[PDB]
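Notes follow once the structure below has been shown.
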Amino acid sequence: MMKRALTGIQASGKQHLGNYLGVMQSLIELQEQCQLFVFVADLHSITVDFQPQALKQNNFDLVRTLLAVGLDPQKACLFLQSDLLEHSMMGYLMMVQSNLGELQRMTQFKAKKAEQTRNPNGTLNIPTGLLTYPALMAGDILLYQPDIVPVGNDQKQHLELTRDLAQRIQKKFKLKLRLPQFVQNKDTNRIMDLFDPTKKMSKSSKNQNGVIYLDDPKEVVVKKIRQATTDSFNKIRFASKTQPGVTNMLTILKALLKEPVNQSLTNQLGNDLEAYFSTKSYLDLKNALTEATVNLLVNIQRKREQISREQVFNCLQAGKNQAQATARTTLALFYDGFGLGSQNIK
Amino acid sequence: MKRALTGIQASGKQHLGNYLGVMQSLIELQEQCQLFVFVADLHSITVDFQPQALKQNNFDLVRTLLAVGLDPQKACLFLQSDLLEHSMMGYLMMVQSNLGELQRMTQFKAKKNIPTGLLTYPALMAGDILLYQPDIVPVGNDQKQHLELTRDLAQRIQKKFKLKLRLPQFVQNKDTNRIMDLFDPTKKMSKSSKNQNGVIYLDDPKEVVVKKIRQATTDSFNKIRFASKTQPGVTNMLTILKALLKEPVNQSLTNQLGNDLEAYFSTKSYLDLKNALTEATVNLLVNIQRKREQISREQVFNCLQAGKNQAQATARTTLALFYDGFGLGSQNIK
Ligand SMILES: Nc1ncnc2c1ncn2[C@@H]1O[C@H](COS(=O)(=O)NC(=O)[C@@H](N)Cc2c[nH]c3ccccc23)[C@@H](O)[C@H]1O
Ligand SMILES: Nc1ncnc2c1ncn2[C@@H]1O[C@H](COS(=O)(=O)NC(=O)[C@@H](N)Cc2c[nH]c3ccccc23)[C@@H](O)[C@H]1O
């Protein structure tokens with residue numbers, strides 16, 4: 001039977017369109033085609049200073065967003081990473097099997113260790129979790145032995161490190177494993193920042209006019225898009241390389257039109273966006289983008305509100321058990337191969 | 001009743017330093033307080049290893065420990081890999097630490113293509129301790145820095161999360177917290193040491209221990225006395241001997257030498273000292289392996305099973321308290 005999918009999402013009041021288009025939107029297709037596993041990666045969130053109050057609120061808020069979006073706990077498995085000690089344990093086996101060198105060359109680590117304060121002596125103060133989390137990820141993946149791992153472009157190096165560790169583990173412990181395959185959305189694998197389209201939309205961006213947050217009110221969405229940096233070539237078409245700004249708004253618009261809401265918008269526009277905007281201004285593009293966007297956000301924020309606390313709890317409670325069903329099986333097999341545990345001596 | 005907690009890594013290289021440093025006092029500790037002792041295999045996989053040798057070593061260590069007096073009815077003896085709580089508690093300590101702090105560690109700084117675990121384990125050790133809110137952590141002198149890091153993390157989390165914490169207290173045997181290497185008395189006895197003649201292993205046969213001690217380096221003053229700075233060699237052999245005379249097996253010898261070793265060896269030679277140490281060490285090393293076989297593969301497993309349940313009890317209570325403090329888990333919603 002059925003092919004398996006695993007993916008994790010970090011919670012944050014900064015959840016944005018890059019996240020939605022990157023993985024969330026395709027979640028509804030996945031739970032129909034695969035045995036889908038999805039979790040709130042709160043063990044990745046605490047790798048930097050954080051407020052326990054904020055963490056709790058966010059973990060709750062993410063589950064509601066995923067539900068408001070269509071993730072069905074009857075068709076898929078949605079859990080909270082920290083609810084399973086199996087994650088910390090598997091993450092640990094991965095960590096002891098990695099070396100500092102490979103972890104230090106990670107691009108995300110470089111660009112992140114550079115995102116923080118220096119001690120009085122001038123040296124950088126880097127929480128250890130920033131260096132090691134990519135091993136936790138490898139473990140989160142391998143615990144469910146999935147066929148694919150749907151993620152955004154930015155997560156490619158991590159998938160590679162994970163396959164290297166899987167092969168490393170397989171070679172040394174002769175453990176029967178399945179190499180997880182990296183899978184990204186052909187079109188929306190990397191939504192760009194609206195202010196500086198040469199950078200991806202990030203929760204970490206200082207300037208917020210470049211990020212469309214999932215909890216941004218319509219008036220804010222309107223202003224941000226109206227100010228989206230374009231270019232002075234006045235030509236609406238897909239040209240990532242030469243017109244990052246316009247191209248970005250264009251591929252976002254295309255992805256939003258597939259949504260039920262926006263049915264009228266996509267009908268009014270036709271399937272050939274370039275042909276439609278052929279005789280129109282950049283302002284006409286921002287206008288259409290602002291409508292598809294507002295429509296989507298208002299419909300997420302709408303449904304997201306209907307989801308209740310109890311609902312979140314029961315959901316996570318069932319996911320916990322379900323996910324833990326396959327996590328224990330896998331960890332147990334690794335224990336055998338590693339020689340860990342006491343049920344290894346008669 | 002106060003609580004104690006300690007970990008020991010399994011290894012065919014188990015030596016006298018490990019025995020006098022921590023093992024020999026377990027008999028007393030399980031009587032004086034709530035003792036938790038575990039085989040630190042999570043720490044053993046921080047460097048390349050063989051899974052078969054690992055299960056074999058973990059098993060052997062439980063035997064040695066049982067054979068030396070650890071009573072499962074008076075203390076809790078378990079394998080840390082059996083508790084997922086360790087990996088989680090250690091993950092929390094880890095994310096609360098920083099690289100400089102860990103790069104400073106003498107072991108790492110003086111041991112650095114490096115296995116990631118070689119850098120992070122002091123944060124795991126910190127977690128192994130904190131998981132049981134012990135009053136004391138009985139270890140050898142060499143673990144001092146680790147306990148200092150544990151206290152630092154403890155206070156850091158206590159201030160950051162308002163968590164009700166009890167800082168662990170580093171405790172070492174005052175006379176045997178640092179057994180020195182027989183070849184080079186300025187260096188402590190270690191498993192890693194490449195000149196194996198300076199290290200008496202718990203499994204070293206009679207003729208081997210005889211040969212190692214007879215060759216123990218001394219000095220040229222011809223004075224048997226406690227004088228570590230000027231005479232590391234004889235002083236180390238002296239503190240080893242005195243410690244061994246406390247064991248039941250060396251009763252006859254104890255009566256012979258008396259309670260004042262400096263007085264006994266007053267009119268003797270270094271050869272005599274070596275001869276006494278040899279008799280005391282052999283009597284110990286052969287007694288231990290004797291009892292070691294009186295321990296079946298079954299007794300070990302059952303001991304670990306009970307230790308697991310007992311240990312998991314307080315470990316789970318401690319972890320839950322950390323969870324509600326870090327805002328982790330599903331129960332923190334509702
Ligand atoms: N601008 C962007 N465009 C498209 N996709 C984007 C994007 N910015 C972020 N994303 C994706 O949005 C998703 C969630 O963002 S995220 O929380 O930062 N993702 C992460 O931090 C992951 N490392 C979490 C994780 C931990 N273990 C895992 C195992 C499998 C998959 C993911 C994880 C990821 O798939 C990102 O790649
Ligand atoms: N030469 C020596 N003289 C006296 N004591 C010595 C010694 N050489 C080693 N020891 C002690 O022997 C005991 C076991 O040695 S050891 O396995 O190498 N110690 C370790 O590996 C520790 N990291 C084990 C550990 C993990 N988590 C812990 C939590 C609390 C206490 C210890 C641990 C420790 O207390 C050492 O300090």
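Every number for a ligand or one of its atoms is a count from 1 in the order of the listing. Convention: sequence-line order gives letters A, B, ...; per-chain numbering from 1. Heavy atoms only: backbone and side chains are in, while hydrogens, waters and symmetry mates are out.
The aromatic rings of A:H158 and A:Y133 sit perpendicular, their planes meeting at an angle over 60°, well past the 30° parallel limit. Note: A:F37 and A:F79 have perpendicular aromatic rings, judged against thresholds of 30 and 60 degrees for the angle between ring planes.
Within 4.0 Å of ligand 2, protein heavy atoms come from B:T6, B:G7, B:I8, B:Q9, B:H15, B:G17, B:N18, B:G21, B:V22, B:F38, B:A40, B:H43, B:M125, B:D128, B:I129, B:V137, B:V139, B:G140, B:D142, B:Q143, B:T176, B:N177, B:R178, B:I179, B:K188, B:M189, B:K191.
Residues A:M137 and A:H44 form a side-chain contact, since some pair of their non-hydrogen atoms from C-beta on lies under 4.5 Å apart.
Listed for the B:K212 side chain is a donor-acceptor partner under 3.5 Å among the backbone atoms of B:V199.
For A:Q157 and A:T107, the side-chain atoms include at least one donor-acceptor pair closer than 3.5 Å.
For the pair A:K254 and A:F238, the distance from NZ or CZ to the six-membered ring centre is under 6.0 Å and the angle to the ring normal is within 45 degrees.
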